[PDB]
Structures are given as structure tokens and as C-alpha cells.
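Protein chains in written order, with PDB author numbering: chain C, 19 to 454; chain A, 19 to 454; chain B, 19 to 454.
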Ligand SMILES: Cc1cc2nc3c(=O)[nH]c(=O)nc-3n(C[C@H](O)[C@H](O)[C@H](O)COP(=O)(O)OP(=O)(O)OC[C@H]3O[C@@H](n4cnc5c(N)ncnc54)[C@H](O)[C@@H]3O)c2cc1C
Ligand SMILES: Cc1cc2nc3c(=O)[nH]c(=O)nc-3n(C[C@H](O)[C@H](O)[C@H](O)COP(=O)(O)OP(=O)(O)OC[C@H]3O[C@@H](n4cnc5c(N)ncnc54)[C@H](O)[C@@H]3O)c2cc1C
Ligand SMILES: Cc1cc2nc3c(=O)[nH]c(=O)nc-3n(C[C@H](O)[C@H](O)[C@H](O)COP(=O)(O)OP(=O)(O)OC[C@H]3O[C@@H](n4cnc5c(N)ncnc54)[C@H](O)[C@@H]3O)c2cc1C
Ligand SMILES: NC(=O)c1ccc[n+]([C@@H]2O[C@H](COP(=O)([O-])OP(=O)(O)OC[C@H]3O[C@@H](n4cnc5c(N)ncnc54)[C@H](OP(=O)(O)O)[C@@H]3O)[C@@H](O)[C@H]2O)c1
Ligand SMILES: NC(=O)c1ccc[n+]([C@@H]2O[C@H](COP(=O)([O-])OP(=O)(O)OC[C@H]3O[C@@H](n4cnc5c(N)ncnc54)[C@H](OP(=O)(O)O)[C@@H]3O)[C@@H](O)[C@H]2O)c1
Ligand SMILES: NC(=O)c1ccc[n+]([C@@H]2O[C@H](COP(=O)([O-])OP(=O)(O)OC[C@H]3O[C@@H](n4cnc5c(N)ncnc54)[C@H](OP(=O)(O)O)[C@@H]3O)[C@@H](O)[C@H]2O)c1
Ligand code: HEM
Ligand code: HEM
Ligand code: HEM
Ligand SMILES: CCCCCC(=O)OC[C@H](COP(=O)(O)O)OC(=O)CCCCC
Ligand SMILES: CCCCCC(=O)OC[C@H](COP(=O)(O)O)OC(=O)CCCCC
Ligand SMILES: CCCCCC(=O)OC[C@H](COP(=O)(O)O)OC(=O)CCCCC
Ligand SMILES: *[C@@H]1O[C@H](CO)[C@@H](O)[C@H](O)[C@H]1NC(C)=O
Ligand SMILES: *[C@@H]1O[C@H](CO)[C@@H](O)[C@H](O)[C@H]1NC(C)=O
Ligand SMILES: *[C@@H]1O[C@H](CO)[C@@H](O)[C@H](O)[C@H]1NC(C)=O
């Protein structure tokens, strides 16, 4: 039966130690005081640091980085042992090297393996290990690394091997972050949903209060967020396919592809997935606010008054078939534009993305990605055809609030249309392999 | 070229043997009667048990557990061989030890590897291996276990290593179950959709038949299941976040977190995912029944009569703006409450759940999980404001059937609000690390 | 520090070489002209072919298959080296053996490992490696194959081991295909959406133009694709469960299950997933076109005229409760039939499909798959009950265009109902294990 020593009897020391007694391991704890040990599992004795290290070959140090000082006092006991470093830091970039690098320079005669820092101490105890299922294992000694990965499999976890000990810097960065790539689409969308809220409140509830004095302030429940949410979804969709256009222009002037993107475009290349899925989250709200139009009281009342007024005044509507074209056209373009929008979101799942090679992925994400941005722009051009862009449409001196949201998507489609023409695109094909 | 012996020429023996002839293996079957062999592949000879075992090093026993008796008669031939045990049982907990444990005690001088019990014999033959793609491999000998995993890769399958031979008890439990965790949310929801069907039939089709005698029995097609399905979705959502409240209370009285939950709460901790996804399945039905309201005949007729009666009787509706607030408010709260409801369901996918550490998962599942249960409770409080809870709302002595569904969600939100206050929550922070 | 030689300084040679300088490898390029080397990374010298191969043990040949001729001129240098073959072909089935097989016959004294052909040269450079994350590694020498997989882990990629070198034929087929299994459901659906477009244009816009001359040509925006898309979704759903019925008939005549399906049924067995997900894509369009009915101008106008005409002509509608049954029945059957339709699509995800054994998968995909095809057929039978199949329903001599779409689903449900009866099904149970 295997023996696993655990330095430190703290929170994660008890939780990892009690998980190993349930899987058939003889755990020998090591603490500063083996005399007074109140909370400990049943079949696990507690010894000194030098005494417990003489019993196993795998030593898990469940201590913080600041108290790594005593390991130099017993470096002749730790010769040939497997020291599993599990520690995290309180914040990113607190120390220059990682902990497993620093633990290797303290005890040079021992094989250091980074593991177990992703999982939490409560997930081992309660058994509610759902996102803390994978354990990232990295180390230099390949024989010692396969032995630690056998413990992770016997504890019901899934070891993901991360290579050599150089990858321990990124593993300690992993449990500290809270959506690091989603920060720029959240901040861009929040400053675009606040500006476009104050832009529609000034048009729809303030302008009918100054002129033609009426309350009209219920609009900011559904009727104003059904203008914020599609225009935010259309703008953020156009901000997705804009770096691929700016980078295509920036390669034509340079004449080569082997130079580096200018450090603001490169960070905005990597947030396209994050900008795309936030734009799907707002387009999905625009669908739900639109499909619930005929349930609202204002829509039932307005269609109720318009029918009664037509009933007592014997004038009639002669069914203009031109307006039946437009109202069935922009609704149809919005449905095809949302079907492909969802289809880009299905492919964004990390299991669907791995069952797809880079040609099938480029066909969905780029060929059917502009075709989303064409249909979602034609959905709001044909909707703009009913309003005609007349001078009776701007309230003070500021227009109908969707034509501001057509500046970025119609800019992307014009510049992309230049890059499709063979006087330019045949140069791009010769530049994706190398050119002067 | 490799040689793989297969004991037993039955259903899975032919299916696994014919799959290995298509991948470049020389398969030697072993049966009780090598003389009469009718159904067999082409390039695979059939020998005796002792004769076929002298030709390979990997022996796959395609026999049941009851006929393991003959292997003790030839235990001197099986020395050093790799015996791959593939057997299942007819029911869970039929024998005390697993089959691979029992196969190791019969032949102690052989390395036993559990594999191939997850896949079916038809999925190897027809090639329709879709859920039977992963093959769970476990065994003590690490050199013999990597050799069996090389066969699984060459057969187009994906070996998932499960550790030592102690994990063979759970692998044999795997192909027998049929949604074992989903049993409690299915039985709770079925006894809550049956009671709430008879509660709405008594109010909506029986009470208009006794008093004011009219048929009114078409309601149980859409109009009654649009009352069952949201209240079942709201109750099951409140039953998700109720164990996290009961466990928080039960840690304050104990003063420590290291004691065990009382065996009914612990089984209801593990079914939160299962209760949550069933509650999303009923909320998704409540969306589809609601968005199809203006297509129904009863809604078109009632809005048709109410307009014609207002047309021939010249009284008018003066557009009460107060009721335009409420009807745009509970509809908006239902959309935000369903958007985050879906967002919890996207994170529940086992590929999205693994691309997310436990802080980003706790932010979605708990911070944005109560915020779902707040918005979905405020969606049905504001809907209850239109009905005012007047005494003309209860039919015999029993109320309007959604206020029964507000008992559990408003209980969770009150007790959670006590646990947020810093006179209690600062004790919870000191108790998630250890306290007296 | 490790040394990795790369033959060939081309497009993928620079991209893979610059990725390895960023991970702590000393890369030594090999080219035909080490004198003139313009584009190259900083810390990577360029030598001759025989000179650079004498410095490392891992040699990555970044050259095409046609220029493999020079490796026979230096086969005494490549003894014991690990030659990583990364090449692709311009088209499928261009050469009889794969490249890694052909590279092994050129240099017999070297271990050949196929890797890196899935990823692209731009994904290494730009860092936008999203679908080119997995690297398929296969080779005969297990010690050399684990060494190449350590490079793939250190480059931030994920090595998927594919077994021996026999699997290199399928890995070179992998980056060339563009949805190979989706071709038959795309071509079947396109020839069924074109025929059913011309069938509804002849009924709905040509027949009201010849008789009772009116424009009526706006129908082909929403109103005609809301007839194409559900009938295509219902037909393709019936074409899913039809091979399982034809194969069940074809096993009863044969009397055994061990014979081979006749090569058109076998290719249509494998496209059931592909036919099923395309049928979900059209049913999801039928939902979105249907839920947007009360927003269209034609529906608002027609319900506006029908109310005003009822307001000025004092006749009334007495609320036939029979038509309130039917219109709430087929709408309810369409919602239950679409809920299970989506539930089959959630299980089709390759992460949900792997978290499910073959009994839970057969319960969803087959037991709840016919129950989808029953409810979606009863959704269009009850919708056909409102139209009664009168002789005033066919326009010239051709019927109401959904009853053509009931031929295939009602054929499958009748023949499946024969196979459920125990005079037939007890023979199928005795034939799924072997019978004469
Ligand atoms: C809902 C949604 C989900 C999304 N999910 C994802 C996701 O999961 N992952 C993701 O990455 N994006 C995602 N996106 C973003 C979008 O799909 C990407 O932009 C897409 O992958 C490529 O778009 P592109 O037009 O910029 O093409 P790109 O190829 O990225 O950009 C074109 C330019 O890139 C350069 N380039 C491209 N290929 C090469 C080459 N072989 N050699 C040299 N230069 C080259 C050239 O300069 C070319 O002009 C998503 C978007 C949405 C709306
Ligand atoms: C649609 C949907 C999908 C869902 N999917 C999932 C899913 O995939 N997986 C899943 O697990 N749940 C899932 N849930 C359930 C829900 O998300 C969980 O309850 C959530 O993970 C945590 O909720 P909670 O408030 O109970 O928090 P919890 O943290 O589970 O409960 C709080 C209590 O737990 C204890 N506790 C928590 N953390 C610690 C700690 N570090 N140390 C000590 N004690 C601690 C304390 O007693 C604390 O008061 C889903 C729910 C829905 C509605
Ligand atoms: C939205 C959607 C998604 C889908 N996704 C998938 C998917 O991911 N993967 C997929 O495979 N299909 C998928 N399908 C197709 C459908 O689910 C399959 O047909 C289903 O897996 C089985 O259906 P079946 O009735 O043909 O059953 P089958 O079992 O495939 O066919 C029955 C016949 O198969 C033979 N047979 C079955 N089991 C055995 C056995 N043990 N021994 C001998 N003979 C046997 C017998 O002849 C039997 O009569 C999908 C369909 C839809 C609509
Ligand atoms: N959820 C988690 O707790 C979690 C999760 C992931 C990773 N980790 C990591 O696991 C390790 C355990 O930390 P923890 O959170 O569980 O807290 P902790 O173990 O309770 O406190 C740190 C441990 O250091 C030991 N130690 C030895 N000398 C010490 C000294 N001079 N001063 C203070 N302590 C000394 C202590 O045990 P003795 O005095 O008895 O010897 C003490 O148990 C940490 O590195 C942590 O980053 C924890
Ligand atoms: N879909 C599947 O079939 C499937 C799936 C997963 C796992 N398995 C497992 O694979 C194994 C094969 O079982 P099976 O379903 O395919 O049925 P089976 O093989 O047809 O019957 C059991 C086999 O035991 C052999 N055997 C040897 N001595 C025997 C004896 N005294 N009495 C009876 N049989 C004897 C028989 O072959 P000979 O008499 O010719 O030697 C017979 O082929 C089982 O353990 C099963 O749990 C099967
Ligand atoms: N996106 C990709 O580029 C990609 C992706 C996956 C796989 N691959 C594979 O990686 C390999 C590299 O090809 P590549 O696309 O990057 O084009 P390439 O390397 O620019 O051209 C082929 C290479 O062959 C070398 N070579 C040696 N003798 C040659 C000769 N007589 N004639 C022509 N070339 C000779 C050349 O380098 P020197 O003359 O300087 O020695 C040249 O760099 C290919 O096998 C490719 O299938 C490429
Ligand atoms: C289910 C599919 C969709 C339907 C039925 C739909 C329908 C509509 C309708 C009816 C309007 C007019 C709103 C009103 O009456 O005030 C509208 C506006 C709009 N839609 Fe959509 N839409 C859909 C999807 C999309 C998508 C995917 C986008 C792109 C992100 C989009 C962008 C817009 C924009 C920009 C407006 C104008 C916003 C305004 O100024 O009011 N829609 N949509
Ligand atoms: C798309 C989003 C949603 C919309 C538009 C919506 C709309 C509505 C409407 C209009 C009603 C009144 C039904 C009627 O007219 O008889 C209602 C009732 C209700 N909704 Fe929602 N809802 C949504 C999502 C949700 C969610 C996510 C929940 C929580 C599970 C929920 C819980 C309820 C409850 C409990 C009722 C009262 C049931 C009754 O007694 O009739 N809804 N909803
Ligand atoms: C959200 C769920 C669904 C709803 C509310 C729904 C509703 C309807 C409605 C109202 C119609 C009549 C269309 C019209 O007024 O012209 C219809 C037609 C039809 N539906 Fe559905 N449906 C649903 C899902 C499905 C599904 C999943 C299928 C099967 C693929 C299906 C198959 C059909 C067929 C075949 C027709 C007849 C097409 C025609 O001739 O017009 N539906 N549906
Ligand atoms: C508050 C927003 C939280 C959203 C969390 C989330 O969904 O992202 C988790 C992860 C994304 O994480 P990273 O790509 O690693 O940033 O999974 C997905 O790819 C999303 C696919 C979803 C496709 C439908
Ligand atoms: C009759 C109900 C059958 C449902 C089957 C199912 O969906 O669960 C399969 C599995 C769940 O299986 P377990 O978590 O292992 O119980 O995948 C999911 O996590 C669901 C995610 C779904 C998120 C949208
Ligand atoms: C133009 C159509 C492109 C569609 C691409 C696609 O979705 O398939 C990618 C892959 C399917 O690829 P293969 O099964 O390998 O053919 O993932 C899925 O299983 C789909 C699950 C989706 C379940 C919702
Ligand atoms: C209603 O429609 C009919 C034909 O569809 C038309 O003749 C009649 O004038 C309309 N009634 C109105 C517009 O009041
Ligand atoms: C219809 O609305 C107008 C203003 O919107 C109002 O003046 C008129 O009284 C309404 N007609 C009714 C209530 O019949
Ligand atoms: C409207 O409905 C009432 C009862 O709901 C009925 O008595 C009345 O006749 C209807 N008005 C019509 C049909 O014009």
C-alpha cells in the first residue's frame, strides 16, 4: 500500500489527506507540533518534518510560499523525493519566478512537480467537484511526473499534463483570474449601453415631455432596451470583423506578413471570441424583447385604439402591398441573421471547436460570419426604409438612434468589399505565403 | 504484426475480433469446440483454450462471470499474460467485489486490465460508435495498462485511464445506470406537475362549470400547462438554492465546517445540477407557451370581441399609464430572468464547465444564480400586482395558484438576505477556514 | 536545453521555429543555402542538411512530399534520429501510401512520427489557435512518440495520440475535408427546398394571379418559407428513422445480423446525425417564422380588417369551442415536439455524448426520437384537421402542400408500429444475439 506524506496540517492538508484515506493511501502528516493534533483523520499519524519525510517518496507541501524557509534545514532528507508544490499566490505577478521554480532552487536534489493548485479544499471535502475536476500537472522529471498523475487518477480527478516546469508560471495564474479576456467586451458594452440609454431617453421620454406634454416614461422598461440591445449587438458584431479588415490593410502597406501587429490590434485580435459571444448575448435579448411585443399592454392598447377609431370613422386601409413587402422583408432578414448568429455560437463551444479542423472553422467563423453581418445590417437597412430618413425623424438635431449604429457595420462592409476585388485579393494570396 | 487472443467466440467475441482484423491484428480465438466453428471472421483461426493462449501476450476474456471456473485449470499457461477483463453484470451490486478483482484472485500470476465494457457489440460492428467512444481502462500494472491502451487507440477509440484496479468497481456500474442522478428531479417534478394540474383544473374548468355553467375545458391544452410549467420551473429553481441556505444555517449552529451533512442534505447537494437543468426545461416551455399566445384562437377571439364591443358601445379606454408600467415590467423581468437562466445552462455543459476555474464558475452559478431567482421572483410578484390579491380572486377557499408557488422562492430570498448581513456573513468567512 | 532541428526554412519552418524560440528551445534550421538567409528568427542559426542534423535528435522536415529525394543522400546521418513528418497533400487520395509511410521507406533507420499537420502556420504566429489546438500524433516507436508529444505540450498545444503509424493515412485526410458527412443532408435539403418553393409559388402566387387577379407575391418573404422550412424539417426527421426501419426489415428476411448492409444503407446509417442536425436547423427556423406572425404587416392588416368588418356588420362570432380545441392542440403538440427536438440536439454535442453511456444515449436518441417524430407528425395532422382535406383545397389538381410532407413520416410510423408488436419484436430480440 502506498504512503503519501503531507507537510502541513492546515485547511488543504486535511482536505487532501482525508480524500486519500478514502482511496487506500497511508497518509503521514508532518507538522511543527505532532504533540497537539486536534483535527486530523483517523488512520493518519502526525510526525515531525524530518521524521515523516523518511516514510514516503511523495511529499506534498501544503504550506504557503512565505514559510518555505525550513526546507533548507532538512535538504538532506529530501534527496530523491518527489516534492509536489501546490501553492498559489494572493495576486498575479507577486513574485518574479513561480513557486515551483523557487521550490526547486531551495531543494536542488529533489524532483518538483506542480499539481493540485486548481482544485479547492471544499471541493475535495464536499464532493462537489464540478469545475475543479482537471488537475494541471507539470514537471521536469518525467518519471516523477507520471507518479503524481497516478495519484490524481486514483482520487477521481483528471490529470492534464502541461509539459515541463516552465509551464508552472501560467498554472499559478490560472485560479486567480475572473474572466480576464471578457473585461474589454464588458467595458465596451457597458459604456455603449449607458450612452445609448441616455440617447434614447432624451428622444423618447424627454422630447414628448417638453413638446406635447405627456408622461411617456414607461418606455424604459421594454421599449428603450429594445433599442439599446440590438444596436449594441450590431455594433459589437461589427467590432469583431473590423480587426481582420484593419490587419488586411496593414499588411498591404507593409508588403509582408512577418512583422508584428502594433500591440493594440494584437490584444483586439484575441478578444474577437469574447466580443462575439457578448454580441450574441445582446442579440438574444433583442429576440426575446421583440417576440414579446404582442403581449405588452401598450401594444394591445395601441392596436385596440387604432381598430376602434377605424371602426367608428368609416375610412379604410386599402392594403398597400408595398408595406407588406418591407415588413416581411426585414423580419425575414433578422431571422436568417440570427440563425447564423447562433450557429457561430454553437461552434464556439470548446468541444465543437475541437471536432472541427481549421478549414471548417474558417468557413463557419469567417464565410458565415460576414454573412451574418450582411443580413443583420440588411435587417436594419430595410427597417430604415420604412422611416425614409425624413427631416421629421430627427427630434432636436439628432437622428433616429439606429442610424448611429449603422456607421460601424456599413464601414466594415465597404472596406471588406474592396478587399474581395481581385486587384487587391490576389495580392493578399501572394502575401499569405511571403512577399516583398 | 501483433497477435491478440480472444477467449470466447460469442457476440462480443466476434464483434471485437472482426474489428481487430480490420486494423491489422492476427486474432486467434479460443473456444470450447474449435472443431465446429460456423460464424467466424476470415483470417482468424480458432484453437483450444490452452492452445490459443500460447500464441499471444494479450488475452481478452469475452465470457461472463459465472463461467470463470475453467481459468484455474490453465493458470500455468496464463503466467505473465495480460488478461483483459471486459465483463458486465446484470444488475448493480450483484457481487461483493468487481469482476476484475475476482479475475485477479483466480489467476494471481497475470496482470488484469479492465477495458471494453462500456462499448457495445453493435457499435463495433455497425460503426455507429457515438456515445460508446471512450473506453475506460484501469489496472495495477502500468506497463500492461499502456499496452492495452495502444489497442484501444488503433481501433479508433479513445482510452480514458481510470487509475488502479480499485476503480474497476465504478466502471462496471457505468453501463448499467439510466440517469441515476436525474431520478429525484424527475419524481419531484412529476408529483408537482400532477398536483398543480389538479389544482388548476379545479379552479379553471370545474368552478366555471358549477357556477356560470359553461364548457371552458379547452384550457388544459395550453392555458393550464402555462400555469403548471412556470410554477414548476420557479419552485425547482428555489429548491436549487435552498440546500446552500440550510447548510449555511447548519454550520452556524455547529461552529465548524468539518462535520458531515446529515445524509439527506448531502444527497440533495449533489442533485443541484439535476434540479437546475430540469427547472430550465420547464422555464423553456413557459417561454414557448407564452410567445405563442397571440396565435391561439381563444386569444384572437377574446381580443376580437373586446374590440367590437368597444366599437359598438362608444365608451373608450383612456390609456391608464399605470397598467402600461406593470405589463412592461413583469415581461421585462421575465426576459432578464430567462436570459441568465439560459446562461447557467450554457455553463453546465461539460466542456464549458472545464474551460472555467472555480471562481468564474462560482460567479456564474451562485452570484448570477440568485440574481436569476430574484428576477424570476420579481417577474411573478409584479404579475401578482395586477391581481392585487383581492378576496374576489380565490374561487372556493383556495387562492390564485401562483401564490402557492411564491412560498418557497420568497422563503429562500428572506433567509439568504439574513446571511448577507455582516453580523452573520463575517462569521461565515471565519468558518470557511476553521473555527470553534 | 533541448535542440530541435528543422529541415526547410519556408512558411511553416519559420512559424514553427519562432514558436519554439519563445518556449526555450535551441532551434537549428537546415536549408539548401545557409549563406543567404534573409528571414529567420534571432537565436536560430542556419546550417546545411548534413551539418544541422548532427546537432539534435529530433528533426522536423518542413518540406513537401515531392522534395523528399535528398534524404536518401544523407541516410547515414539520420540513423536513430526522430524524423517528424508534418506534410499534407493537395488533395485526398493523391498517393497510394501516406507520407509518413513513404518517409519510413526512404530512411529505414529512423523513427518516423506524424505530427503538426493539423495546425496552420498562421495559428502558430498570430496566436489565434482555436480549432488548431489538438495535434494528432502517431508513430511506431513508443519512446520516440512520447518525446514528440512533450514538444507539443510545451508549445501550448494538446497532443492526441492516434496509435501506430497505420493511422497516418487518416490524419493526412483530416485537414483537407470541408464537412464531408454533411454533403448528403445539404444536397437532399437543397433539392427539397427548391422543389417545395416552386410547389408553393405555383399554388400561392400564380393561382391567385390567373384566377381572381391580384398581386399576392409578397408571400415568398415569410409566408412561403414558413411552408418550406417545416416540411423540410419534418421530412428530414423521417429520413432519420427510416434506415433503422429498413434495416430491421432486412434482418428479418435474412435471419441473421452478421451480414453486411448493402452499401447505400450503410452510408445512410452514418449520416443520421448529419440528417438530424440539419432537420433541427429547419425546425428552428420554423419556430422563429411562426413566433413572429403577429408582428407582420399582413397579419396585422388581415386581423384589422376582419375586426372592422365585424364591427360595422353586426353579425357576431359565437366562440365555437371546437375550433378552440384544435388551435390549442396542434400548437401544444408543436411545442412538445420541438422541446424534445432540441433535447436531441443537446445530446449531439461531443461533450454531452461522451458523458453518457450507450443505454442513456439509446434512450434519448431512439425512445425520445420516435416520440419527437410522433408529436411533430401529430402537430401537422391536427393542423390538417382544420382544413378537412376538402375538394376546395386543391388548386389545380395538386393538394395543400403539407399532405405531400406526410407521406414519409406516416410511412415510418406505420412500419415501426408493426415492428413493436410482439409477434415480430420477440424475433428481433432473438436476432440481436444470433439466430438462423
Ligand atoms: C458569435 C461569435 C462567436 C465567435 N467565436 C469565435 C471563436 O470561438 N474563436 C475565434 O477565434 N473567433 C471567434 N469569433 C470571431 C470571428 O469568428 C473571427 O473573426 C473569425 O475566426 C475570423 O474572422 P476574420 O474575418 O477576422 O478572419 P481572419 O482570418 O481572422 O482575418 C483575416 C486576416 O487575417 C490574416 N490571415 C488570415 N489567415 C491568414 C493566413 N493563413 N496567413 C496569413 N495571414 C492570414 C490576413 O491579414 C487576413 O486578411 C466569433 C464571432 C462571433 C460573432
Ligand atoms: C440552470 C442551472 C444549472 C446548474 N448547473 C449546475 C452545475 O453544472 N453544477 C453545480 O454544481 N450546480 C449547478 N447548479 C446549481 C447551482 O448553480 C449551485 O447551487 C451553485 O453551484 C452554488 O449555489 P449555492 O448558493 O448553493 O452556493 P454553494 O457554495 O454551493 O453553497 C453555499 C454554502 O456552501 C458552503 N461553502 C461554499 N463554499 C465553501 C468553501 N469554500 N468552504 C466552506 N464551505 C463552503 C457554505 O456552507 C456556504 O454557505 C445549476 C443550477 C441551475 C439553475
Ligand atoms: C436532432 C437529432 C440529433 C441526432 N444526433 C445523433 C447523433 O449524435 N448520433 C447518432 O448516431 N444519431 C443521431 N441522430 C439519429 C438518431 O438519433 C439515431 O437513429 C438513433 O441513434 C437511433 O435511431 P434508430 O431508431 O435508428 O435506432 P437504431 O438502433 O440505430 O436502429 C434500430 C435497428 O438497428 C439494429 N440494432 C440496434 N441495436 C442493435 C444491437 N444491439 N444489436 C443488433 N442490431 C442492433 C437493428 O436492426 C434495429 O432494428 C440524431 C437525430 C436527430 C433528429
Ligand atoms: N482551498 C485551499 O485552501 C487551497 C486551494 C488550493 C491551494 N492551496 C494551497 O495549499 C496550501 C495550504 O494553505 P491553506 O489555505 O490550507 O492554509 P493553512 O494550511 O491552514 O496554513 C498554512 C500551513 O502552513 C503550515 N506551517 C508550517 N510552518 C508554518 C509557519 N512558520 N507559519 C505558518 N504556517 C506554517 C501550517 O501547518 P503546521 O504549523 O501544523 O505545520 C499551516 O497549516 C497553500 O499553499 C495554498 O496556496 C490551498
Ligand atoms: N454488447 C455485448 O455483447 C457486450 C458488451 C459489453 C460487454 N460484454 C461482455 O462480453 C462478454 C461476452 O458476452 P456476450 O454478450 O457476447 O455473450 P456470449 O459471448 O455469446 O456468451 C458467453 C461466452 O462464454 C463462452 N463460454 C466458455 N465457456 C462457457 C460455458 N461453460 N458456458 C457458456 N459459455 C461459455 C462461450 O463461448 P465458447 O463456448 O465458444 O467458448 C460464449 O461465447 C460478457 O462478459 C459481456 O458482459 C458484452
Ligand atoms: N500553413 C502551412 O504552411 C502548413 C500547414 C500544415 C502543414 N504544412 C506542411 O509543412 C511543410 C512546409 O511547406 P510550406 O507550406 O511551409 O512551403 P515552403 O516551406 O515555403 O516550401 C517547401 C520547402 O521545401 C524546402 N526545400 C528543400 N529542398 C527544396 C527543393 N528542391 N525545392 C523546393 N523546396 C525545397 C524549401 O526550403 P529550403 O530551400 O530553404 O531548404 C521550402 O522551404 C509542407 O509539407 C506542408 O504540407 C504547412
Ligand atoms: C429573431 C430575429 C429577429 C427579429 C424578429 C427582429 C425583429 C426586429 C424588429 C421587429 C425590429 C423593430 C423593433 C421595433 O418594432 O421597434 C428590429 C429592430 C432591429 N433589429 Fe432586429 N430582429 C431580429 C434579430 C436581429 C439581429 C440578430 C440583429 C443584429 C444584431 C438585429 C438588429 C436590429 C436593429 C439594429 C434594429 C433597430 C433597433 C431600433 O432602432 O429600434 N435584429 N428587429
Ligand atoms: C421569455 C421570458 C418570459 C416571459 C415573456 C414571461 C411572460 C409571462 C407572462 C406573460 C405571464 C403571464 C401568463 C399569462 O398571461 O397567463 C407569466 C407568468 C409567469 N411566469 Fe413568466 N415569462 C418569462 C419567463 C419566466 C421565467 C424564467 C420564470 C421563472 C421560472 C417565469 C415564471 C412565471 C410565473 C411563476 C408565472 C405565473 C404563472 C401563472 O400563475 O400564470 N417566467 N410569464
Ligand atoms: C415552437 C413550436 C412550434 C409551433 C408553435 C408551431 C406552430 C405551427 C403553426 C402555427 C403552423 C401553421 C403555420 C401557419 O399558420 O401557416 C405550423 C405548421 C407546421 N408545423 Fe409547426 N410549430 C412548431 C414546431 C414544429 C416542428 C418541430 C415541426 C416538425 C418539424 C413542425 C411542423 C410543422 C408543419 C409540417 C407544418 C405545416 C406547414 C404548412 O403547410 O404550413 N412544427 N406550425
Ligand atoms: C458573464 C459571462 C460569463 C460567460 C462564461 C462563458 O460562457 O465562457 C466560458 C468559456 C470561455 O472561456 P475562455 O474562452 O477561456 O475565455 O466557454 C466558452 O467558450 C463560451 C461558449 C458559449 C457558447 C454559447
Ligand atoms: C431526459 C433528460 C435527459 C437529459 C440528458 C442530459 O442532458 O444530461 C447529460 C449530461 C449530464 O449527465 P451527468 O451530469 O453525468 O448526470 O450532460 C449535461 O451536463 C447536460 C447539460 C445540458 C445543458 C444545456
Ligand atoms: C454549415 C453547417 C456547419 C455545422 C457545423 C457543426 O455544427 O458540426 C460540427 C461538429 C460535427 O462534426 P462531425 O460530427 O465530426 O461531422 O459538431 C457537432 O457535433 C454538432 C453539434 C451541434 C449540436 C447543436
Ligand atoms: C377587407 O378585405 C376585403 C378583401 O380582402 C376588401 O374588399 C375590403 O374592402 C376590406 N375591408 C376594409 C378595408 O374595410
Ligand atoms: C386614441 O388615441 C388618441 C391619442 O393617442 C386619443 O386622443 C383617443 O381618445 C384614443 N381613442 C379612443 C380611446 O377611442
Ligand atoms: C362577447 O362575449 C360575451 C361573453 O364573453 C358574449 O355574451 C357576447 O355576445 C360577445 N360579443 C360578441 C360576440 O359580439
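In this text, a Cβ means the ideal position worked out from N, Cα and C, and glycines have one as well.
Start and end of the alpha helix (DSSP H) containing residue i?
i, result
"residue 284 of chain A", "283-287"
"residue 359 of chain B", "339-365"
"residue 441 of chain C", "440-449"
"residue 247 of chain B", "243-256"
"residue 18 of chain A", "Past the boundaries of the shown model lies residue 18 of chain A; chain A is included only from 19 to 454, so the question cannot be answered."
"residue 296 of chain A", "290-308"
According to DSSP, simplified to helix, strand and coil, what is residue i?
i, result
"residue 132 of chain B", "strand"
"residue 195 of chain B", "coil"
"residue 406 of chain B", "coil"
"residue 61 of chain A", "coil"
"residue 268 of chain B", "helix"
"residue 5 of chain B", "Look at the range of chain B in this structure, 19 to 454, and you will see that residue 5 of chain B is not part of it."
"residue 279 of chain A", "coil"
"residue 41 of chain B", "coil"
"residue 22 of chain A", "strand"
"residue 110 of chain C", "coil"
Identify the residues that DSSP records as bridge partners of residue i: which are they?
i, result
"residue 428 of chain C", "None, per the DSSP bridge assignment."
"residue 494 of chain C", "The displayed coordinates of chain C run from 19 to 454. Any statement about residue 494 of chain C would go beyond what the structure contains."
What are the boundary residues of the beta strand (DSSP E) that residue i is part of?
i, result
"residue 178 of chain B", "176-179"
"residue 46 of chain C", "44-48"
"residue 374 of chain B", "First-last for residue 374 of chain B: undefined, no H or E at that position."
"residue 152 of chain C", "152-157"
What's the call for residue i, buried or exposed, on a 16-neighbour Cβ count within 10 Å?
i, result
"residue 384 of chain A", "exposed"
"residue 132 of chain B", "buried"
"residue 479 of chain A", "No answer is possible for residue 479 of chain A: it lies beyond the span of chain A, which begins at 19 and ends at 454."
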